[PDB]
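Beneath this line is the structure, given in structure tokens, with notes to follow.
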Amino acid sequence: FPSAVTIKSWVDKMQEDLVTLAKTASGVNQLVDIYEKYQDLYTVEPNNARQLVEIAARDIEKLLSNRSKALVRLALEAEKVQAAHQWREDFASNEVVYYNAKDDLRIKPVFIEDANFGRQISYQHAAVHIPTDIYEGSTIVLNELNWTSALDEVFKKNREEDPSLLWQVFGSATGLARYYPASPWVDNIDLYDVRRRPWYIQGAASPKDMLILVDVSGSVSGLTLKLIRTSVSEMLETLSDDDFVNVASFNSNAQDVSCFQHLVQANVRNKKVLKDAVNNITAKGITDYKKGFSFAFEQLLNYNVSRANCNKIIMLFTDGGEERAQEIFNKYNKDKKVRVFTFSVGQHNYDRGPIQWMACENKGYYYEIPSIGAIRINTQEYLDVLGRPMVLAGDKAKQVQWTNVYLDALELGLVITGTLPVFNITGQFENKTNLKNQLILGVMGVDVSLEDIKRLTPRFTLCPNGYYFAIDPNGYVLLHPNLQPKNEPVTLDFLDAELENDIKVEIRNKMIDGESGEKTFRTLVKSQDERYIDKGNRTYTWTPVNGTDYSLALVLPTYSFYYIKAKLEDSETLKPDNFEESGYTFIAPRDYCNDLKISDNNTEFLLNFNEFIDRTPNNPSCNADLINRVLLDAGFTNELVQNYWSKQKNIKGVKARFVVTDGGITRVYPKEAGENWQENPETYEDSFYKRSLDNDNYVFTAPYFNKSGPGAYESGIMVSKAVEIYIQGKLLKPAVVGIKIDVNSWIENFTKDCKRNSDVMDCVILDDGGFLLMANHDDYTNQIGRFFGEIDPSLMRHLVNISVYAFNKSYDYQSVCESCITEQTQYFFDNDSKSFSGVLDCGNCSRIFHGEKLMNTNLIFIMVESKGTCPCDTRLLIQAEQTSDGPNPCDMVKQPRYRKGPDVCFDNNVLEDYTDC
Ligand SMILES: *[C@@H]1O[C@H](CO)[C@@H](O[C@@H]2O[C@H](CO)[C@@H](O)[C@H](O)[C@H]2NC(C)=O)[C@H](O)[C@H]1NC(C)=O
Ligand SMILES: *[C@@H]1O[C@H](CO)[C@@H](O[C@@H]2O[C@H](CO)[C@@H](O)[C@H](O)[C@H]2NC(C)=O)[C@H](O)[C@H]1NC(C)=O
Ligand SMILES: CCC1=C[C@@H]2[C@H](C1)C[C@]2(CN)CC(=O)O
Ligand SMILES: *[C@@H]1O[C@H](CO)[C@@H](O)[C@H](O)[C@H]1NC(C)=O
Ligand SMILES: *[C@@H]1O[C@H](CO)[C@@H](O)[C@H](O)[C@H]1NC(C)=O
Ligand SMILES: *[C@@H]1O[C@H](CO)[C@@H](O)[C@H](O)[C@H]1NC(C)=O
Ligand SMILES: *[C@@H]1O[C@H](CO)[C@@H](O)[C@H](O)[C@H]1NC(C)=O
Ligand SMILES: *[C@@H]1O[C@H](CO)[C@@H](O)[C@H](O)[C@H]1NC(C)=O
Ligand SMILES: *[C@@H]1O[C@H](CO)[C@@H](O)[C@H](O)[C@H]1NC(C)=O
Ligand SMILES: *[C@@H]1O[C@H](CO)[C@@H](O)[C@H](O)[C@H]1NC(C)=O
């Protein structure tokens, strides 16, 4: 431990060496000089966030309006055809002809392949879906097959007028599903009912302030207990993420099963914790109805918590109950706002009389659940009886409702769909019966893919840091770079998606529910890897969409306010046989032109690209801006490689050199050094590019540890720095460059006290995130590129608590583990100080350390005495996708995120029949 001045000198020498090597071997100056010297084949253009937000909002409104129009016409035609149906019985004479999918491949279809639909499709016929439990050959379904045989013409008309429709289906209470571009069922067993789907259920009823009141007496233990638990689980599954629910189990007293005590949003986390709670039921005691309904009613009368102010109902799960509990029904229901849905799960000798009487005297309905067979079917019927006010409202109630993003059930990715209910509109010029008009015939919907939405989002005209994201009133995100499936609808809150900050909370709480404005603020930015974060400032611009409840926002860091494009008009430089002279080329598989296809193999893709370019700027239907950009970018990169990298054939310390750039061209000077390139050729999706755009200094990216593929000694350490240009006075950051540092050279030049082969002191260097990059111990350097906490936790904890390092812990619910919650920890530099000293103590012994950050880099040099003298490992610091369960769902419902609800709800209709008991 020589001295602070000695450490100063050592750090100064190391920083000067590393910075001069990176700068010289990268040629950032040369690249900026090329850009600024040309300055005539391109043209910088303003990126007006407000204007682009408005344009995207109008386009998305127009698309959704088109879909709504199609859905409306389909519903009207269905209404007419069902109105004029003669309802025959004998179908022997007229053999009903229809294509039944999932059969042994009625019609023998041709099934021609087409684009935009990965599977074989047909257009002349539509396909019919039948759940396996539903029996065909009965008149009860064959009447539906008949009257729905007339929707094919309207399907064809929709597809003809607008060729961009993805899908269109009709779901009836019978169980049929007719979707137009007839494809074989994906199943080459399945519990698929069209009724048991989010898109069906959303349109079949209104949002509800529902409660479950489980009977938990001593008599409901065993087979009936498991039956009731399964029934409650499936009722929760039936419930959506715009409703509110609790489950109380009255046992001489209305105790709460869970830790909420008031109505909660019933999103995925609440659902899961409630499933755990209802799986941990203990049933021992007697029955007392009065307390249960009193507790439920005072929960339903809160009006201090976040609720929808909509169809408040109560569902009772009981085995046997004779109490009338009429002192809580007769008096405290002048508003008549409760619907008691009394169930009967399992087998019991107790009288059904009071149960059915309570069911049909409190505006609700009665059900009987004998076994597991009926739980899947006899659970969904409450939506039919909640739809009675909706059908009575009729034209007012007929509105299109869009769902959240979810995994398409036949492998087309993430899709949102519309919905519209279909009635017995049958003779209302006289209004003869109107008795079965209460029951809904079914719903129908049209699908739009997030690919179609993102086609309206030109993400390639700005920096990779910039992006579009859209949010719903519930607060979930519609589009986001971080929005990825796992294979359950994809649920991702805005705060959950991006970083969490008071300014973001404020903008969501204040100016997203129909307001327009902008705000520039400084907040942390999470790197694309789960390794790094960085400080920066951004401005968000948002507008409301008039057509739909959704809202759109745009993100623009204050260096992508402008963008660069090609001013009007080297192609042979992108040729594999010329790689040995022009670097090893990758090209980003962007949708450059409609003729070509995504060919991620990328070498046949590169030859395809250059072949198509050879086969002519005419471009009848060929995207010109991207082609111009990539050609200009390839010109710049090739000139760099020819004029700078060619002169120095090889350098002892420089294992490789590279460049990525806006347009999608990346080049490695040796083909041998390009063979072991592992990063994808999409410029916008590699992490180090974004990292270098964010940072103002050289960024050192640690290699991975314990991974297949040689990336430690035969690849080296990767450095990066973004290029900055000034044309008329405003900053632009087109590209980044970098090199590969030879590990052996770095060892032997770091050896320049800090001798090896001994355990007295450690001389170790880190970066922003505590990843090891160099060591002299000869046992740390073998395990290079791994988190410093996993090898030396005591010193890392001392650094964290002395606050040279800060950390955030994001939670990513969308992940694959072997639903899965990942604790993503990111360490970073917080304080703007470059000198740290002190003594860390583990008890009997002591250790002296002195760290100093390297200037113009994200590196820090730490000197400390060896751990041979001080055995100290309290707990191991690990930095990975942790298997955890956080935050606590009991505590975050007390202060829930701000939410807005629909203004239109249909409950308490004046003239409902409800005569059936
Ligand atoms: C509502 O639609 C149903 C079919 O889904 C109709 O049910 C049949 O209606 C005819 C004529 O009204 C009766 O002769 C049948 O016996 C009915 N079926 C059953 C099972 O009884 C129903 O009529 C429709 N409502 C109206 C007013 O037409
Ligand atoms: C090892 O460190 C030495 C300096 O201590 C570096 O030597 C310089 O190398 C650059 C080119 O890389 C030359 O332009 C300088 O003139 C050299 N200076 C001196 C004093 O030798 C060397 O680059 C380092 N090598 C590695 C592998 O990092
Ligand atoms: C069951 C037949 C169909 C329903 C439409 C389409 C075809 C699958 C569908 C659109 N995503 C609903 C669903 O995904 O379950
Ligand atoms: C919407 O419909 C109009 C008219 O039917 C059509 O011109 C247009 O291409 C459709 N699609 C979009 C996204 O506007
Ligand atoms: C329904 O079936 C009858 C024969 O049972 C047939 O005459 C009638 O045309 C069918 N309805 C249609 C095609 O709408
Ligand atoms: C970021 O932007 C804000 C507002 O425009 C500004 O006050 C702040 O100084 C900026 N950050 C830096 C690094 O200057
Ligand atoms: C759409 O909403 C914006 C938001 O304030 C409003 O200014 C505009 O007038 C609305 N346009 C229509 C046609 O409703
Ligand atoms: C990519 O395409 C080339 C065609 O030259 C082929 O040799 C190679 O095996 C392909 N790579 C993969 C991973 O399939
Ligand atoms: C490295 O990987 C192998 C297999 O994946 C495993 O057995 C071993 O424990 C790992 N070593 C370390 C240090 O993580
Ligand atoms: C995230 O980092 C910021 C910046 O220092 C800090 O104020 C905040 O408390 C951190 N949050 C978590 C969850 O660690």
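Scheme for the structure tokens: letters A, B, ... for chains in order shown; per-chain residue numbers from 1; ligand numbers from 1 in order shown.
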Collect all residues with atoms no farther than 6 Å from ligand 1, counting only C-alpha atoms and all ligand atoms, and output them as an mmCIF file with C-alpha atoms, in the first residue's frame.
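Generated output (result24.cif):
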```
data_model
loop_
_atom_site.group_PDB
_atom_site.id
_atom_site.type_symbol
_atom_site.label_atom_id
_atom_site.label_comp_id
_atom_site.auth_asym_id
_atom_site.auth_seq_id
_atom_site.Cartn_x
_atom_site.Cartn_y
_atom_site.Cartn_z
ATOM 1 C CA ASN A 424 -82.467 -11.983 -30.719
ATOM 2 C CA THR A 426 -86.645 -10.560 -33.756
ATOM 3 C CA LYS A 436 -85.616 -14.924 -24.836
ATOM 4 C CA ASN A 437 -84.221 -11.673 -26.305
#
```
Counting only C-alpha atoms and all ligand atoms, give me one row per residue of chain A with an atom at most 9 Å from an atom of ligand 2, showing the shortest contact pair and its distance in Å to one decimal, sorted by chain then residue number, as JSON lines.
```
{"residue": "A:13", "atom": "CA", "partner": "ligand 2", "partner_atom_place_in_ligand_line": "5 (O)", "distance": 7.4}
{"residue": "A:14", "atom": "CA", "partner": "ligand 2", "partner_atom_place_in_ligand_line": "5 (O)", "distance": 7.9}
{"residue": "A:16", "atom": "CA", "partner": "ligand 2", "partner_atom_place_in_ligand_line": "4 (C)", "distance": 8.7}
{"residue": "A:17", "atom": "CA", "partner": "ligand 2", "partner_atom_place_in_ligand_line": "4 (C)", "distance": 5.9}
{"residue": "A:18", "atom": "CA", "partner": "ligand 2", "partner_atom_place_in_ligand_line": "28 (O)", "distance": 6.5}
{"residue": "A:20", "atom": "CA", "partner": "ligand 2", "partner_atom_place_in_ligand_line": "10 (C)", "distance": 7.3}
{"residue": "A:21", "atom": "CA", "partner": "ligand 2", "partner_atom_place_in_ligand_line": "12 (O)", "distance": 5.2}
{"residue": "A:22", "atom": "CA", "partner": "ligand 2", "partner_atom_place_in_ligand_line": "12 (O)", "distance": 8.7}
{"residue": "A:24", "atom": "CA", "partner": "ligand 2", "partner_atom_place_in_ligand_line": "11 (C)", "distance": 7.5}
{"residue": "A:25", "atom": "CA", "partner": "ligand 2", "partner_atom_place_in_ligand_line": "12 (O)", "distance": 7.8}
{"residue": "A:651", "atom": "CA", "partner": "ligand 2", "partner_atom_place_in_ligand_line": "12 (O)", "distance": 7.5}
{"residue": "A:652", "atom": "CA", "partner": "ligand 2", "partner_atom_place_in_ligand_line": "27 (C)", "distance": 6.5}
{"residue": "A:653", "atom": "CA", "partner": "ligand 2", "partner_atom_place_in_ligand_line": "27 (C)", "distance": 3.8}
{"residue": "A:654", "atom": "CA", "partner": "ligand 2", "partner_atom_place_in_ligand_line": "27 (C)", "distance": 7.2}
{"residue": "A:741", "atom": "CA", "partner": "ligand 2", "partner_atom_place_in_ligand_line": "27 (C)", "distance": 7.1}
{"residue": "A:742", "atom": "CA", "partner": "ligand 2", "partner_atom_place_in_ligand_line": "27 (C)", "distance": 6.6}
{"residue": "A:743", "atom": "CA", "partner": "ligand 2", "partner_atom_place_in_ligand_line": "27 (C)", "distance": 8.2}
{"residue": "A:744", "atom": "CA", "partner": "ligand 2", "partner_atom_place_in_ligand_line": "27 (C)", "distance": 8.0}
{"residue": "A:745", "atom": "CA", "partner": "ligand 2", "partner_atom_place_in_ligand_line": "27 (C)", "distance": 4.4}
{"residue": "A:746", "atom": "CA", "partner": "ligand 2", "partner_atom_place_in_ligand_line": "27 (C)", "distance": 5.1}
{"residue": "A:747", "atom": "CA", "partner": "ligand 2", "partner_atom_place_in_ligand_line": "27 (C)", "distance": 8.3}
{"residue": "A:748", "atom": "CA", "partner": "ligand 2", "partner_atom_place_in_ligand_line": "27 (C)", "distance": 7.9}
{"residue": "A:749", "atom": "CA", "partner": "ligand 2", "partner_atom_place_in_ligand_line": "1 (C)", "distance": 5.1}
{"residue": "A:750", "atom": "CA", "partner": "ligand 2", "partner_atom_place_in_ligand_line": "1 (C)", "distance": 7.9}
{"residue": "A:752", "atom": "CA", "partner": "ligand 2", "partner_atom_place_in_ligand_line": "5 (O)", "distance": 8.1}
```
>> From a backbone DSSP assignment, name each residue in stretch 711-857 of chain A labelled alpha helix (DSSP H), as a list in words.
In response: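 Selection result, alpha helix (DSSP H) within stretch 711-857 of chain A: residues 743, 744, 745, 746, 747, 748, 749, 750, 793, 794, 795, 796, 797, 798, 799, 800, 801 and 802 of chain A.
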>> At a cut-off of 9 Å and counting only C-alpha atoms and all ligand atoms, what residues surround ligand 7? Please answer as a ChimeraX atom specification.
In response: /A:514-516,543-547
Would you write out those residues with N, CA, C and O atoms, as a compact mmCIF listing (two decimals), in the first residue's frame?
```
# COMPACT_ATOMS: atom_id res chain seq x y z
N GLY A 514 -56.34 11.63 -21.21
CA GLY A 514 -57.03 12.52 -22.14
C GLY A 514 -56.42 13.90 -22.27
O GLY A 514 -57.10 14.78 -22.79
N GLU A 515 -55.19 14.11 -21.77
CA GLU A 515 -54.52 15.40 -21.86
C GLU A 515 -53.29 15.27 -22.74
O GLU A 515 -52.76 14.18 -22.93
N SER A 516 -52.85 16.42 -23.28
CA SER A 516 -51.72 16.50 -24.18
C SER A 516 -50.71 17.49 -23.60
O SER A 516 -51.09 18.56 -23.13
N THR A 543 -50.37 12.40 -26.54
CA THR A 543 -51.65 12.91 -26.97
C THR A 543 -52.70 11.86 -26.64
O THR A 543 -52.38 10.67 -26.54
N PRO A 544 -53.98 12.26 -26.46
CA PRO A 544 -55.07 11.28 -26.46
C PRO A 544 -55.54 10.91 -27.86
O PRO A 544 -55.65 11.75 -28.74
N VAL A 545 -55.84 9.61 -28.03
CA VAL A 545 -56.53 9.11 -29.20
C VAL A 545 -58.03 9.35 -29.03
O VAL A 545 -58.62 8.91 -28.04
N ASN A 546 -58.65 9.99 -30.02
CA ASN A 546 -60.05 10.35 -29.88
C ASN A 546 -60.95 9.12 -30.00
O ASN A 546 -61.91 8.97 -29.22
N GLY A 547 -60.65 8.25 -30.97
CA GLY A 547 -61.50 7.09 -31.23
C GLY A 547 -61.56 6.11 -30.07
O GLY A 547 -62.63 5.65 -29.70
```
Using only C-alpha atoms and all ligand atoms, determine which residues fall within 8 Å of ligand 10, then list them as a PDB file with N, CA and C atoms, in the first residue's frame.
```pdb
ATOM      1  N   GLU A 500     -38.744   3.435 -12.804  1.00  0.00           N
ATOM      2  CA  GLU A 500     -39.711   4.051 -11.900  1.00  0.00           C
ATOM      3  C   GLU A 500     -39.144   5.365 -11.375  1.00  0.00           C
ATOM      4  N   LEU A 524     -33.014   7.707 -14.772  1.00  0.00           N
ATOM      5  CA  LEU A 524     -32.144   6.597 -15.118  1.00  0.00           C
ATOM      6  C   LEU A 524     -32.692   5.835 -16.317  1.00  0.00           C
ATOM      7  N   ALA A 806     -24.393   2.471  -6.607  1.00  0.00           N
ATOM      8  CA  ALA A 806     -25.826   2.486  -6.340  1.00  0.00           C
ATOM      9  C   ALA A 806     -26.478   1.389  -7.163  1.00  0.00           C
ATOM     10  N   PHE A 807     -27.657   0.923  -6.749  1.00  0.00           N
ATOM     11  CA  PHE A 807     -28.313  -0.182  -7.445  1.00  0.00           C
ATOM     12  C   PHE A 807     -29.823   0.005  -7.475  1.00  0.00           C
ATOM     13  N   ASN A 808     -30.445  -0.404  -8.583  1.00  0.00           N
ATOM     14  CA  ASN A 808     -31.889  -0.563  -8.703  1.00  0.00           C
ATOM     15  C   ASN A 808     -32.235  -2.030  -8.925  1.00  0.00           C
ATOM     16  N   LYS A 809     -33.452  -2.402  -8.514  1.00  0.00           N
ATOM     17  CA  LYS A 809     -33.938  -3.771  -8.579  1.00  0.00           C
ATOM     18  C   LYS A 809     -35.273  -3.753  -9.312  1.00  0.00           C
ATOM     19  N   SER A 810     -35.226  -3.973 -10.629  1.00  0.00           N
ATOM     20  CA  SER A 810     -36.434  -4.065 -11.439  1.00  0.00           C
ATOM     21  C   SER A 810     -37.003  -5.487 -11.366  1.00  0.00           C
ATOM     22  N   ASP A 830     -22.869   6.591  -8.895  1.00  0.00           N
ATOM     23  CA  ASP A 830     -23.827   7.589  -8.420  1.00  0.00           C
ATOM     24  C   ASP A 830     -23.145   8.933  -8.179  1.00  0.00           C
TER      25      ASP A 830
END
```
> Using only C-alpha atoms and all ligand atoms, which of A:49, A:277, A:453, A:248 sits nearest ligand 4?
Replying inline: A:453
> Within 7 Å of ligand 3, counting only C-alpha atoms and all ligand atoms, which protein or nucleic acid residues do you find, written as a list in words?
Replying inline: residues 129, 167, 168, 169, 177, 178, 179, 194, 197, 408, 409, 410, 415 and 447 of chain A
Got time to write the residues from that selection, N, CA, C and O atoms, as an mmCIF file, in the first residue's frame?
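So the final result, stored in selection-v9.cif, reads:
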```cif
data_model
loop_
_atom_site.group_PDB
_atom_site.id
_atom_site.type_symbol
_atom_site.label_atom_id
_atom_site.label_comp_id
_atom_site.auth_asym_id
_atom_site.auth_seq_id
_atom_site.Cartn_x
_atom_site.Cartn_y
_atom_site.Cartn_z
ATOM 1 N N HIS A 129 -65.443 -24.355 -35.882
ATOM 2 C CA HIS A 129 -64.811 -24.938 -34.714
ATOM 3 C C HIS A 129 -65.876 -25.463 -33.773
ATOM 4 O O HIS A 129 -66.874 -24.800 -33.517
ATOM 5 N N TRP A 167 -58.091 -11.600 -38.985
ATOM 6 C CA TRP A 167 -59.093 -12.634 -38.747
ATOM 7 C C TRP A 167 -60.420 -12.040 -38.357
ATOM 8 O O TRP A 167 -60.466 -10.868 -38.014
ATOM 9 N N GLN A 168 -61.467 -12.871 -38.463
ATOM 10 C CA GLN A 168 -62.806 -12.461 -38.070
ATOM 11 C C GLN A 168 -63.612 -13.712 -37.744
ATOM 12 O O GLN A 168 -63.710 -14.588 -38.575
ATOM 13 N N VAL A 169 -64.166 -13.758 -36.516
ATOM 14 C CA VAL A 169 -64.827 -14.939 -35.993
ATOM 15 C C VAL A 169 -66.168 -14.547 -35.415
ATOM 16 O O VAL A 169 -66.380 -13.385 -35.102
ATOM 17 N N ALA A 177 -67.714 -21.539 -33.630
ATOM 18 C CA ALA A 177 -66.785 -20.488 -33.985
ATOM 19 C C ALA A 177 -66.522 -20.591 -35.483
ATOM 20 O O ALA A 177 -65.907 -21.560 -35.940
ATOM 21 N N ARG A 178 -66.971 -19.584 -36.237
ATOM 22 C CA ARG A 178 -66.764 -19.535 -37.670
ATOM 23 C C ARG A 178 -65.794 -18.402 -37.999
ATOM 24 O O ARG A 178 -66.176 -17.239 -37.887
ATOM 25 N N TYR A 179 -64.571 -18.769 -38.425
ATOM 26 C CA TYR A 179 -63.548 -17.829 -38.840
ATOM 27 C C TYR A 179 -63.313 -17.970 -40.349
ATOM 28 O O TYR A 179 -63.363 -19.080 -40.877
ATOM 29 N N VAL A 194 -65.007 -21.434 -26.837
ATOM 30 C CA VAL A 194 -65.002 -20.065 -27.319
ATOM 31 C C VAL A 194 -65.601 -19.165 -26.244
ATOM 32 O O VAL A 194 -65.152 -18.014 -26.095
ATOM 33 N N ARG A 197 -63.188 -17.408 -23.016
ATOM 34 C CA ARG A 197 -62.106 -16.630 -23.571
ATOM 35 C C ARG A 197 -62.263 -15.186 -23.150
ATOM 36 O O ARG A 197 -63.384 -14.703 -23.000
ATOM 37 N N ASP A 408 -52.045 -15.016 -29.443
ATOM 38 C CA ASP A 408 -53.054 -15.527 -30.358
ATOM 39 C C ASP A 408 -53.129 -17.046 -30.231
ATOM 40 O O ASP A 408 -52.108 -17.725 -30.020
ATOM 41 N N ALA A 409 -54.334 -17.585 -30.328
ATOM 42 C CA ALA A 409 -54.554 -19.000 -30.036
ATOM 43 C C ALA A 409 -54.205 -19.880 -31.224
ATOM 44 O O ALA A 409 -54.347 -21.090 -31.076
ATOM 45 N N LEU A 410 -53.799 -19.325 -32.374
ATOM 46 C CA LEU A 410 -53.351 -20.135 -33.505
ATOM 47 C C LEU A 410 -52.046 -19.609 -34.088
ATOM 48 O O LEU A 410 -51.848 -19.657 -35.294
ATOM 49 N N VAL A 415 -51.836 -10.022 -30.376
ATOM 50 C CA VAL A 415 -52.961 -9.488 -31.112
ATOM 51 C C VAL A 415 -53.974 -8.946 -30.102
ATOM 52 O O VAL A 415 -54.252 -9.569 -29.089
ATOM 53 N N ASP A 447 -59.480 -9.301 -35.399
ATOM 54 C CA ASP A 447 -58.157 -9.242 -34.758
ATOM 55 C C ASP A 447 -57.229 -8.279 -35.484
ATOM 56 O O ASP A 447 -57.288 -8.203 -36.725
#
```
> Quick one: residues within 6 Å of ligand 5, with only C-alpha atoms and all ligand atoms, as number ranges by chain?
Replying inline: A: 88, 91, 94, 146-147
Neighbourhood of ligand 4 at 7 Å, counting only C-alpha atoms and all ligand atoms, reported as a PDB file with N, CA and C atoms, in the first residue's frame:
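Saved as out10.pdb:
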```pdb
ATOM      1  N   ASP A  59     -53.459   7.733 -37.569  1.00  0.00           N
ATOM      2  CA  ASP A  59     -53.368   6.473 -38.302  1.00  0.00           C
ATOM      3  C   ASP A  59     -53.931   5.285 -37.509  1.00  0.00           C
ATOM      4  N   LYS A  62     -57.665   5.511 -37.493  1.00  0.00           N
ATOM      5  CA  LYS A  62     -58.227   5.096 -38.771  1.00  0.00           C
ATOM      6  C   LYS A  62     -58.264   3.569 -38.890  1.00  0.00           C
ATOM      7  N   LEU A  63     -57.194   2.908 -38.477  1.00  0.00           N
ATOM      8  CA  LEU A  63     -57.158   1.446 -38.533  1.00  0.00           C
ATOM      9  C   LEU A  63     -58.253   0.841 -37.658  1.00  0.00           C
ATOM     10  N   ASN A  66     -61.682   1.250 -39.175  1.00  0.00           N
ATOM     11  CA  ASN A  66     -61.909   0.241 -40.193  1.00  0.00           C
ATOM     12  C   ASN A  66     -62.350  -1.102 -39.607  1.00  0.00           C
ATOM     13  N   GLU A 161     -62.979  -5.797 -49.645  1.00  0.00           N
ATOM     14  CA  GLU A 161     -62.898  -4.340 -49.541  1.00  0.00           C
ATOM     15  C   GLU A 161     -61.616  -3.902 -48.832  1.00  0.00           C
ATOM     16  N   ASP A 162     -61.257  -4.591 -47.740  1.00  0.00           N
ATOM     17  CA  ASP A 162     -60.016  -4.311 -47.035  1.00  0.00           C
ATOM     18  C   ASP A 162     -59.203  -5.595 -46.985  1.00  0.00           C
TER      19      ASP A 162
END
```
Given only C-alpha atoms and all ligand atoms, how would the per-residue table for chain A near ligand 9 read, listing every residue at most 8 Å away with its closest atom pair and distance in Å to one decimal, sorted by chain and number, as a Markdown table?
```
| residue | atom | partner | partner_atom_place_in_ligand_line | distance |
| --- | --- | --- | --- | --- |
| A:705 | CA | ligand 9 | 14 (O) | 7.8 |
| A:706 | CA | ligand 9 | 1 (C) | 4.8 |
| A:707 | CA | ligand 9 | 2 (O) | 7.3 |
| A:783 | CA | ligand 9 | 13 (C) | 7.5 |
```
> Counting only C-alpha atoms, what is within 10 Å of residue A:680, bar same-chain residues fewer than 3 positions away, as a list in words?
Replying inline: residues 586, 587, 588, 589, 600, 602, 666, 677, 683, 684, 685 and 686 of chain A
Write to file, as a short mmCIF file (atom, residue, chain, number, x, y, z; two decimals), in the first residue's frame, the residues of the selection just made, with N, CA and C atoms.
```cif
data_model
loop_
_atom_site.label_atom_id
_atom_site.label_comp_id
_atom_site.auth_asym_id
_atom_site.auth_seq_id
_atom_site.Cartn_x
_atom_site.Cartn_y
_atom_site.Cartn_z
N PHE A 586 -21.98 -7.60 -42.16
CA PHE A 586 -23.33 -7.99 -41.81
C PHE A 586 -24.28 -6.87 -42.21
N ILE A 587 -25.52 -7.24 -42.57
CA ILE A 587 -26.54 -6.27 -42.94
C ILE A 587 -27.79 -6.55 -42.10
N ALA A 588 -28.39 -5.48 -41.57
CA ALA A 588 -29.52 -5.62 -40.67
C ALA A 588 -30.72 -6.10 -41.45
N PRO A 589 -31.39 -7.21 -41.06
CA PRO A 589 -32.51 -7.75 -41.84
C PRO A 589 -33.79 -6.91 -41.71
N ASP A 600 -32.50 -14.46 -41.55
CA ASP A 600 -31.59 -14.21 -40.43
C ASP A 600 -30.23 -14.95 -40.49
N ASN A 602 -28.30 -14.63 -42.78
CA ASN A 602 -27.64 -13.35 -42.98
C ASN A 602 -26.56 -13.37 -44.07
N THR A 666 -22.33 -3.47 -40.31
CA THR A 666 -21.25 -3.67 -39.36
C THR A 666 -20.14 -4.48 -40.01
N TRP A 677 -17.84 -13.29 -34.40
CA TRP A 677 -18.79 -12.25 -34.03
C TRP A 677 -20.13 -12.87 -33.64
N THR A 683 -28.67 -3.31 -36.02
CA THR A 683 -27.99 -2.25 -35.29
C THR A 683 -28.81 -1.78 -34.08
N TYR A 684 -30.13 -1.76 -34.19
CA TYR A 684 -31.01 -1.20 -33.17
C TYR A 684 -31.20 -2.13 -31.97
N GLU A 685 -30.73 -3.38 -32.05
CA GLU A 685 -31.01 -4.38 -31.02
C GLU A 685 -29.78 -4.85 -30.27
N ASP A 686 -28.58 -4.37 -30.62
CA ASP A 686 -27.39 -4.71 -29.85
C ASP A 686 -27.19 -3.68 -28.74
#
```
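We find atom CA of residue A:32 and atom 7 (O, counted along the ligand's line) of ligand 6 to be spaced 27.1 Å apart.
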>> Please identify all protein, DNA and RNA residues within 10 Å of ligand 6, counting only C-alpha atoms and all ligand atoms, and report them as a list in words.
In response: residues 519, 520, 521, 522, 523, 535, 536, 537, 538, 539, 557 and 558 of chain A
>> Residues near stretch 562-566 of chain A, anyone? I mean within 12 Å using only C-alpha atoms, not counting same-chain ones fewer than 6 positions away, as a PyMOL selection string.
In response: chain A and resi 35+38-49+459-464+466+556+624-633+662-663+725-735
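The contact shell of ligand 8, defined as all polymer residues within 12 Å when only C-alpha atoms and all ligand atoms are used, comprises residues 576, 599, 600, 601, 602, 603, 604, 605, 606, 607 and 608 of chain A.
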> Between atom CA of residue A:423 and atom CA of residue A:438, what is the distance, to one decimal in Å?
Replying inline: 7.8 Å
>> Could you tell me how far atom CA of residue A:170 sits from atom CA of residue A:115, in Å to one decimal place?
In response: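 Separation of atom CA of residue A:115 and atom CA of residue A:170: 23.8 Å.
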> What residues in stretch 318-513 of chain A get the DSSP label strand (DSSP E or B)? Please answer as a VMD selection string.
Replying inline: chain A and resid 318 340 to 345 369 406 to 407 414 to 417 420 to 422 442 to 449 467 to 471 476 to 479 493
> Near residue A:261, within 9 Å and counting only C-alpha atoms, which residues show up once chain neighbours fewer than 2 positions away are dropped, as a ChimeraX atom specification?
Replying inline: /A:246,248,256-259,263-264,299
> So, counting only C-alpha atoms, which residue among A:465, A:15, A:824, A:311 is closest to residue A:856?
Replying inline: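 With only C-alpha atoms as the atom set, the closest residue is A:15.
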